[PDB]
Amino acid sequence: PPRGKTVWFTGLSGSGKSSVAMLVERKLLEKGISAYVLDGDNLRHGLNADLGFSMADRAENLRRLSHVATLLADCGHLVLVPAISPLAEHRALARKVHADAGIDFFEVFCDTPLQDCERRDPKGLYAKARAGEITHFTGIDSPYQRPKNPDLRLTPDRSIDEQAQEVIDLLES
């Protein structure tokens, strides 16, 4: 097989990481490209069921995710990782795990304003955080460090379909 590669999505909760990732996955699969979405949230329920949201656990979650991505990539998949990845050092770690495994690594920043993300508020998490029912929530009372150099920055200027198509164009260029 060709060895695979990893697309790592960072951004606020509700910024479109999973949507874009899922759509990219379908588009690729429809053209016989074996793509797989390795979702921070889903893994948190099995492999990463023992971790929370302290910066240390998130780093651990993400460290683990980064390894699993390189493993799926080594099996020949195009891996899509939507995960908040709130700190530069989180992304720097993932990148280094990929460098060390000799797997191509692309960073995509889903740069949707906080306003838009909670105007969306799809799982009700912003509301809970503003109410004090969740704490250390990214963008509210836990920081989000903006990537300075992503491979691609997505903005809420276009449809999810078209955002997926930009990810694909990044991969095919």
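Throughout, we count residues from 1 along the sequence that is shown.
Inset, instruction - Mind pulling up the entry and telling me whether 45 to 53 or 135 to 143 has the higher mean Cα temperature factor? - result: According to the entry, 45 to 53 carries the higher average C-alpha B-factor.
Inset, instruction - Determine, for stretches 27 to 35 and 106 to 114, which one has the higher mean CA B-factor as deposited. - result: The deposited B-factors put 27 to 35 ahead on the C-alpha mean.
Legend entry - Per the PDB entry, maximal CA B factor within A21, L12, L152, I160: Comparing C-alpha B-factors across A21, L12, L152, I160, the top value belongs to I160.
Inset, instruction - Taking the values exactly as deposited, rank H67 by C-alpha B-factor within its chain and report the matching third: lowest, middle or highest. - result: Lowest third.
Legend entry - Ranked against its chain, the third holding the CA B-factor of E172: It belongs to the highest third of the chain when residues are ordered by C-alpha B-factor.
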